[PDB]
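Peer 1:
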RNA sequence: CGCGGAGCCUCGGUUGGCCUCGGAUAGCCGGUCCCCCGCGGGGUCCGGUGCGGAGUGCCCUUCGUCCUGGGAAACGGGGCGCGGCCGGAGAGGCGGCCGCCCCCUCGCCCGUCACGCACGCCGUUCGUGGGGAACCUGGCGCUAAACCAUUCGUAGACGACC
RNA sequence: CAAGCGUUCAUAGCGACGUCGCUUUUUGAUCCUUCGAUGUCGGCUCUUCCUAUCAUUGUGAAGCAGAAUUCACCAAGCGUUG
RNA sequence: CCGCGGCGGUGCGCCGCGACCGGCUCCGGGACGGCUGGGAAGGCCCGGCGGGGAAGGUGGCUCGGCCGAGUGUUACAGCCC
Ligand SMILES: [Mg+2]
Ligand SMILES: [Mg+2]
Ligand SMILES: [Mg+2]
Ligand SMILES: [Mg+2]
Ligand SMILES: [Mg+2]
C-alpha cells in the first residue's frame, strides 16, 4: 500500500514482525511501530532474559563506551532487531532505518490514527497456545528500563480517553442506523442499486 | 464452548482448493485431519478432504455413517440445503463479493453516483437528529 | 485526471548473491502478490520519472525540468507477484526503493 | 528408494529358463513404490534376498499397477513391517486408517521418517493387509472407529496471513 | 497420540451457585465467594446441568500432557466448593525440646509473632495472605488454627510459618523444633 | 503579520480515512423493562449479528468547464469572510464549539445547448502558496550579546575554568 | 560398571579388575608460520579474564548431638598476605 | 521550378506503429489409444444368498419439554453398512 504505516506492536512476535517491517522499510515505505512494550517473544520469560543478560556481558573490554550499546527500552530493542535485518553498513540501509520510527507507548499523532496489525507476526497465529512467554516490556524492565511504570500510567490515561471517543463514535453509528430507517423511501431506489452489484448486503 | 459438532453429516462449505465455494456433507471421519466427504447436489465426488480446507455450518442432516450416495442424495434433497442455503447470511454476502468483482466500469460509475446522493440524504437526517437531540437536552 | 501510470516500486536489479545484473530490474507492483495475478503487467510500458536541475524538452509541452528512463515489463519474477522489467537505459540505483510508473497503454484485453 | 505418493507396482518374474529347467516358477510380489522403473528394481532387490535369482539370470514378466478395489470406503491398514535402525533391525505391527492400501503406507513411510528417523532405503514392508473393526490394537486408530463420532476444530488458526499482510482487524480463531 | 476427548463432571451441591464468566469460575455458597481463572489451561467449561447440577470440563484435541490437566481444573473447583461451603482449617502444633516457641497473633489473623524459637533473640514475623484468619487455639497446648476459604492461601501460610521456623547449621534429625502442620481439615465437617 | 512582484536550486510524491479494549477452546452489537454508581459508567435480562456487512475483502469524495429550464433535492456552501468560549500537553500542535457582515443556491435524474474538434503519440493530473537559497511593497514592534584585550584566581602546560 | 573397605552396610565417606571422556597451567611428537634474525631465562609493577572454589554469602551431605568435618550446588561477588 | 513521379543511398535530434521469420517463455481449446480390453462411481430397478455396526427397536440410567436429548446391550431389519 501507499502512505505512512502505523503498526500496533502488542500481540506481535519480536523478530517475526521486525522482518516484515524491515522488508517494507527497504521498499521506501515509512513504518511507525508503536507500543513496543506490548511486543512479545517465543520461549519462556527467563530464557530470553538469560539470553539478554548474555548480550550485556558482551562488551568491548579495552574500552566499553565504544562497545556494543545494549539499549534497554523495547523501542530500542526492536529497532536493533530490525536493524540487524537491514544492510546498515550501506547508504540504503541507513536511509532505510530513517524510514522506520519506533515508540514505547503510543504518542501524539499516533494515538490519533487507526492502526494496523501484521497477522503473520501475530502471536496467537504464529505460536501454539501451550507455550510460554515474555513481554518485551517486562524483559526490558528487568534489564534496566526506568519507564515501565510511567508508560503504564500514561497509557491508562490514554485508554480512558480513547474509550470516550470510541463511545461517542459508537453513538454516531446508532444515529446513522436509526436515520437510515427514518429515511428509507427516498433512498430506497439508490440502496437498491447498491445491493445489486454487491455493495451493502 | 463450540456449537459445530463435526458429525456424520455436518454440511461444510469448502473454503478452498479444487472444489472451492461448494457445500459438502461430511460422510465419515478418516483421521485427525481428513474426512470422507461428499457433495451430491453440489457436484463433488465421494472423496477424502481435509478439515483445514473446509469450514462448517449450523445445518446437519441424517444419512448414517458410510451411506452410499443415493442415501445422501436424499437427506440433502429433502431437508433441502440448496434453498435453505441462499436464505443464509453466508450466501448473501458470498454472492456479494461475487457481484463486486463481477462489476463493469459502468456499474461502478452508477454506484459512485447512487452512493453520493444516498450518503447526503442519510447525512442531512443525521444532522437533523442531533438538532432534535440538542433541543431534547435543552 | 488520476493514476493511469499504475503504482510500482523498483526493488533491485536481477541478481544472484555475490553478483548483480543491471539490465533487468525487479519491479514491485502494488496490489499484486501472486504469479497468477501478474499476467496483465506483462508487456506494459513503465517509466522511472524524475526531475533534475537542467530543463529538457517535453512532447506536447514547453521545456520542463523532468526526465524519464522509459522501459517495458518482460515477465514475472517468482511466486509472489514481483515482475521483471528492462528499461532502455539501465536504472540508476538512486531509484532503489522509489517509484516507477507502470502504465496501461500497451493493453492486451 | 525415495517417495512421492506410493502406488502398488505389483510384479511377477521368472528366473529365465536353462536347458536343464525349461519352465521355472513365476512369483507376484506386491512391490510397492512410486513408478515402474523402481518397482521393477524393487522386486529384484527383494527376490535376490529370498531366491537365488538375479537381473542377469531373470526376467520381469508382468509389472503393473494394482489399483484400489475399494477407494471410497475407509479401512484399517495393518502392516507386518521390518526396518533397519542405527543399532539393529526391527519388526513392527503398525496401523494407518487411510482409505487405500498405497496411501496407507505412504503414511507409514512418512511416520518411520518422523517417529524413527528411518529412511525408505532402510525399510521393508513384509505385508500390508486391511483389517476389520476388531483386531485393531492401536488406540490412535481405535477411536475414529465409532458411529456418533464428534469434533470441533477448536483453535483454528488463520492461514491467509499474508492476504491482508496487514489489517486493522485482528484475526479470529473461534469458529 | 492425540486423544479425541477427555472430560469430567464435578457434582455441585445445592448450597452453592457457580457461575462461569467464559473460562473464569466464580463460586458463592454460604461462607463467601471465590474466583479463579483457568485462562491458561485451555479447556471448555460447560455448566450443563440445569437447575444447577454439573460443571463439566472438556479437553478435546488433547495430547497426554494436557489430558492431565482436565482433572486438575476439576480439582481446584471441588477444592473451591469445599472452601466456600465448609471452609478449611489447618492445625499446626509447635514442637520442642527446650525453649518454648511463643506465638502471638497480632491484628486479626495477619501477624503471627514468634519469640524464643531455640533461644533466638530475633522475633520472627509472618504475614498471612488476605482472607486467612490465623488464631491461637484452645483445648490444646501449642497449636495454631489457620482458617480460610482458599486452600492455596491457607497452605502457603501454614508453610510460611512452618518454613520461617527452620533450624540452621545443626542436625535436623536431632533438632526437631519449630512449628509444623498436624492436621488439614475443615471448619464445618457435615 | 499580512498580503504583494522576479529566480538559483533540492527533491521524494501524483484522493483521503478523524482513532476503543482486547479474546482467541471466544468475541461484536443492540435494547433494557429492572437494579446500582458517577448525560454518562457498572450490573442483570432479552433480541440480533458472528469464514465477521455500523466487514481495513473495509468507509468516504469525487474526475473534462459552464448555458438554461424541468423534475428529484432546498438553507447548504463560501468570502485565507470576520470576533469570543472551549477541549486537547508524553515529544499538544491541533481540533472543537458560539455571534456578525457580505456573497453565492452547488449532490441525483433529465431535457438543452455550449468550452482551440491541435487535425492515433512522451514526462498527462496533485500533496504545491513544497523544502531551501538570493531580491521589489504596507503595519506594528524591535532595540545585542558573544569572543579578544584587561583582571582574578575557585583553576594551570598550553590551551580550558571562577 | 562394579569386586572390596567402612564393626554391620557397596555406593555417609571410600573403592579394586575393567572401561568411557575432557583439558590444555606438565612433558613428548610434529615441523605448519618466522633465519633482509618477532629480544631467549627469572624478578619487580599493572591490568584484565577463566574456573580447575582456598576463604566469605545462600544452600543441599555426611558414619552431623554439640563442638568440630569432610561430599556436593548455585556461585567467581569481594579475598589469597609478611 | 513544380512534381516529393520512379531508383539508389539516410533517419539532424526524440519517437511511435505495423506484418513475416528464428528462438524462446507462456496461455486457451478440442479428438484419440491403451490398460486387470482400466479400476472406482452413478441411475434403474429387480429377483435372490449370506455376515458387521448397529434400530423407524428394546432396555437399564440420565437430562430436557408422551415427545425430544444422553449413555448401555441382543442382535432380527422396518438404517445403514
Ligand atoms: Mg513533475
Ligand atoms: Mg555442627
Ligand atoms: Mg563388608
Ligand atoms: Mg625488530
Ligand atoms: Mg563450578
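Protein chains in written order, with this note's numbering: chain A, 15 to 215; chain B, 3 to 140; chain C, 2 to 110; chain D, 137 to 311; chain E, 544 to 733.
The beta carbon of each residue, even a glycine, is placed where N, CA and C say it ideally should be.
#1: Need the endpoints of the alpha helix (DSSP H) that residue 554 of chain E sits in, please.
#2: Can you give me the Cβ contacts of residue 132 of chain A inside the same chain, cut-off strictly under 7 Å, excluding the 5 residues immediately before and after it?
#3: Which residue's Cα is closest to the Cα of residue 168 of chain D: D/155, D/215 and D/306?
#4: Kindly indicate the opening and closing residues of the alpha helix (DSSP H) around residue 183 of chain D.
#5: Count the CB pairs spanning the stretch 93–107 of chain C and the stretch 37–57 of chain A that are closer than 8 Å, and state whether there are at least three.
#6: Just grab the DSSP bridge partners of residue 186 of chain A for me.
#7: If contacts are defined as beta-carbon pairs under 8 Å, then residue 705 of chain E and residue 694 of chain E qualify, I think. What distance do you get, rounded to the angstrom?
#8: Are the C-beta atoms of residue 297 of chain D and some chain A residue less than 8 Å apart?
#9: For the candidate residues C/26, C/57 and C/8, whose alpha-carbon lies nearest to that of residue 77 of chain C?
#10: Let me confirm a value: residue 247 of chain D is counted as buried when at least 16 other C-beta atoms fall within 10 Å, else exposed. Which label applies?
#11: By how many angstroms is the C-alpha of residue 72 of chain A removed from the C-alpha of residue 79 of chain A?
#12: Please indicate yes or no: does the CB of residue 712 of chain E lie closer than 7 Å to some heavy atom of ligand 7?
#13: Using beta carbons (cut-off 8 Å, strictly below), is residue 50 of chain B in contact with chain D?
#14: Cβ of residue 146 of chain A less than 8 Å from any chain D Cβ?
#15: Looking only at C-alpha atoms, which of C/29, C/34 and C/20 sits nearest to residue 12 of chain C?
#16: If you measure between the beta carbons of residue 86 of chain A and residue 49 of chain A, is that distance less than 8 Å?
#17: Rounded to the nearest angstrom, how far is the Cβ of residue 559 of chain E from that of residue 628 of chain E, given a contact under 8 Å?
#18: Distance check for residue 138 of chain A and residue 258 of chain D, CA to CA, integer angstroms please.
#19: Could you check whether residue 267 of chain D and residue 31 of chain B sit closer than 8 Å to each other, using their CB atoms as the reference points?
#20: On the DSSP bridge list, what partners appear for residue 228 of chain D?
#21: Got a sec? Which residues, its chain only, sit under 7 Å from residue 659 of chain E by beta carbon, not counting five neighbours each side?
#22: Buried or exposed: residue 223 of chain A, going by 16 or more other Cβ atoms within 10 Å of its Cβ?
#23: Look at residue 48 of chain B and residue 29 of chain B and say whether their C-beta atoms are less than 8 Å apart.
#24: Counting C-beta neighbours from all protein chains within 10 Å, is the total for residue 624 of chain E 16 or more, i.e. buried, or is it exposed?
#25: Compare the C-beta of residue 13 of chain B with all C-beta atoms of chain E and state if any pair is closer than 8 Å.
#26: So, is residue 69 of chain B buried or exposed, given that buried needs 16 or more other C-beta atoms within 10 angstroms?
#27: For residue 51 of chain B, name the three-state secondary structure that DSSP assigns.
#28: Measuring alpha carbon to alpha carbon, tell me which residue in C/24, C/67, C/5 and C/47 is nearest residue 111 of chain C.
#29: Give me the pocket residues for ligand 1, defined as CB within less than 7 Å of any heavy atom, sorted by chain position.
#30: Taking a cut of 8 Å between CB atoms, which residues from the stretch 559–579 of chain E lie near chain B?
#31: Does the stretch 111–129 of chain B touch the stretch 190–201 of chain A, meaning 3 or more C-beta pairs lie closer than 8 Å?
#32: Rank E/711, E/652, E/562 and E/596 by C-alpha distance to the C-alpha of residue 580 of chain E and give the top, closest one.
#33: Please state whether DSSP places residue 720 of chain E in a helix, a strand or coil.
#34: Less than 8 Å between the CB atoms is what I'm expecting for residue 730 of chain E and residue 635 of chain E, so what's the real figure, rounded?
#35: Express the C-alpha separation of residue 84 of chain C and residue 65 of chain C in angstroms, rounding to a whole number.
Peer 2: On the basis of the coordinates in this document:
#1: Walking along the fifth chain from the start, residue 554 of chain E turns up at place 11. Per DSSP, residue 554 of chain E belongs to no alpha helix (DSSP H); it is in the beta strand (DSSP E), 551–554.
#2: Taking the first residue of the first chain as position 1, residue 132 of chain A is located at position 118. Excluding positions up to five away in sequence, the list reads 21, 26, 31 and 34.
#3: Start at 1 with the first residue of the fourth chain, and residue 168 of chain D comes out as number 32. Taking only the C-alpha atoms, the option nearest residue 168 of chain D is D/215.
#4: Taking the fourth chain and counting its residues from 1, one reaches residue 183 of chain D at position 47. Counting along the chain, the alpha helix (DSSP H) containing residue 183 of chain D begins and ends at 172–186.
#5: Taking 8 Å as the limit for Cβ pairs, the verdict is that the stretch 37–57 of chain A does touch the stretch 93–107 of chain C.
#6: For the purposes of this step, residue 186 of chain A is taken as the residue at position 172 of the first chain. In the DSSP output, where bridge partners are listed per residue, residue 186 of chain A has none listed.
#7: The residue you call residue 705 of chain E lines up with position 162 of the fifth chain. The residue you call residue 694 of chain E lines up with position 151 of the fifth chain. At roughly 15 Å, the Cβ-Cβ gap does not stay under 8 Å, so residue 705 of chain E and residue 694 of chain E are not in contact.
#8: Translated into the one-based positions of the fourth chain, residue 297 of chain D becomes position 161. Yes, residue 297 of chain D lies at the interface with chain A (some Cβ there is under 8 Å from its Cβ).
#9: Stepping through the third chain from its first residue, residue 77 of chain C is reached at position 76. Minimum Cα distance to residue 77 of chain C is reached at C/26.
#10: In the fourth chain, counting from the first residue as 1, residue 247 of chain D sits at position 111. Exposed: under 16 other Cβ atoms inside 10 Å.
#11: Looking up residue 79 of chain A in the first chain gives position 65. Looking up residue 72 of chain A in the first chain gives position 58. If you take the alpha carbons of residue 79 of chain A and residue 72 of chain A, they lie about 12 Å apart.
#12: Summarising the ligand content, the structure contains ligand 1, ligand 2, ligand 3, ligand 4 and ligand 5 and does not contain ligand 7.
#13: Working through the second chain from its first residue, we reach residue 50 of chain B at position 48. Taking 8 Å as the threshold, the shortest C-beta distance from residue 50 of chain B to chain D falls below it.
#14: Indexing the first chain from 1 puts residue 146 of chain A at position 132. Among the residues facing chain D, residue 146 of chain A is not included, as its CB has no counterpart in that chain under 8 Å away.
#15: As a working note, residue 12 of chain C is residue 11 in the third chain. Out of C/29, C/34 and C/20, the CA that lies nearest to the CA of residue 12 of chain C is found in C/29.
#16: Working through the first chain from its first residue, we reach residue 86 of chain A at position 72. Working through the first chain from its first residue, we reach residue 49 of chain A at position 35. For residue 86 of chain A and residue 49 of chain A, no; Cβs fall outside 8 Å.
#17: Here residue 559 of chain E refers to the residue found at position 16 of the fifth chain. Here residue 628 of chain E refers to the residue found at position 85 of the fifth chain. Between residue 559 of chain E and residue 628 of chain E, the beta carbon gap of about 6 Å places them in contact (Cβ cut-off 8 Å).
#18: Indexing the fourth chain from 1 puts residue 258 of chain D at position 122. Indexing the first chain from 1 puts residue 138 of chain A at position 124. So the two alpha carbons sit approximately 40 Å from each other.
#19: The residue you call residue 31 of chain B lines up with position 29 of the second chain. The residue you call residue 267 of chain D lines up with position 131 of the fourth chain. Residue 31 of chain B is not a Cβ neighbour of residue 267 of chain D, given a cutoff of 8 Å.
#20: As a position in the fourth chain, residue 228 of chain D is number 92, starting the count at 1. Paired residue(s): D/217.
#21: Translated into the one-based positions of the fifth chain, residue 659 of chain E becomes position 116. Excluding sequence neighbours, residue 659 of chain E sits near 642, 643, 644 and 645.
#22: Nothing can be reported for residue 223 of chain A: it is not among the residues displayed for chain A, which extend from 15 to 215.
#23: On the second chain, residue 48 of chain B is found 46 positions in, with the first residue counted as 1. On the second chain, residue 29 of chain B is found 27 positions in, with the first residue counted as 1. Going by C-beta atoms, residue 48 of chain B is nearer than 8 Å to residue 29 of chain B.
#24: Position 81 of the fifth chain holds residue 624 of chain E. Using a 10 angstroms sphere on the CB of residue 624 of chain E, the tally of other CB atoms reaches 16 or more, which defines it as buried.
#25: By one-based count along the second chain, residue 13 of chain B stands at place 11. Taking 8 Å as the CB threshold, residue 13 of chain B stays off the interface with chain E.
#26: Position 67 of the second chain, counting from 1, holds the residue named residue 69 of chain B. So residue 69 of chain B ends up on the buried side.
#27: In the second chain, residue 51 of chain B corresponds to position 49, counting from 1. If DSSP states are grouped into helix, strand and coil, residue 51 of chain B belongs with the strands.
#28: Past the boundaries of the shown model lies residue 111 of chain C; chain C is included only from 2 to 110, so the question cannot be answered.
#29: With 7 Å as the limit between CB and the heavy atoms of ligand 1, the residues that fall short of it are C/52 and C/67.
#30: Residues: none.
#31: Verdict: yes, contact present.
#32: By one-based count along the fifth chain, residue 580 of chain E stands at place 37. Comparing Cα-Cα distances from residue 580 of chain E to each of E/711, E/652, E/562 and E/596, the minimum goes to E/562.
#33: Working through the fifth chain from its first residue, we reach residue 720 of chain E at position 177. The three-state secondary structure of residue 720 of chain E, taken from DSSP, is coil.
#34: As a first step, residue 730 of chain E must be located in the fifth chain, where it is residue number 187. As a first step, residue 635 of chain E must be located in the fifth chain, where it is residue number 92. So it is not a contact: roughly 15 Å between Cβ atoms.
#35: One-based indexing of the third chain puts residue 65 of chain C at position 64. One-based indexing of the third chain puts residue 84 of chain C at position 83. One Cα belongs to residue 65 of chain C, the other to residue 84 of chain C, and the distance between them is close to 30 Å.
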